[PDB]
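If you're matching them up, the sequences are chains A and B in order. FYI, in our numbering the residues of the first sequence are 1 to 39. FYI, in our numbering the residues of the second sequence are 1 to 39. Just so you know, even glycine gets a beta-carbon here, dropped at the ideal spot from N, CA and C.
Number of protein chains: 2
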Amino acid sequence: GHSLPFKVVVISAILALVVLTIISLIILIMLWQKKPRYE
Amino acid sequence: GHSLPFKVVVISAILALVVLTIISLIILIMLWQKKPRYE
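This is the structure:
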């Protein structure tokens, strides 16, 4: 666009979005076996 | 990047890296104190 190509920007954004779900997944199951959940 | 502006990509990426660390910090302190804190 002005300096760096959108190529690196996109790949970086998408990936960062994926890891957020991964790191969150660990917490979900972790707490799932600690404090019971109410349905 | 053939539709939406490149701006949203950059902001989303940088923001994703910031929150990623925060997600990890919550687990660290959570396990550091084990039991929740009240009052």
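Self-check item: Helix, strand or coil at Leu31/B [DSSP, three-state]
Solution: helix
Exercise. Name, going along the chain, the residues of the stretch 19–39 of chain A whose beta-carbon falls closer than 9 Å to a beta-carbon of chain B.
Key: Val19, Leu20, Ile23, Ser24, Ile26, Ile27, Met30, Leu31 and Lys35
Practice problem: Please look up how many angstroms separate the CB atoms of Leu20/B and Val9/A, rounded, as I've assumed it's under 8 Å. | Solution: So it is not a contact: roughly 17 Å between Cβ atoms.
Self-check item: Reduced DSSP secondary structure (H/G/I, E/B, other) of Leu25/A
Solution: helix
Quiz item: How about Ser3/B: is its C-beta nearer than 8 Å to some C-beta of chain A?
Solution: no
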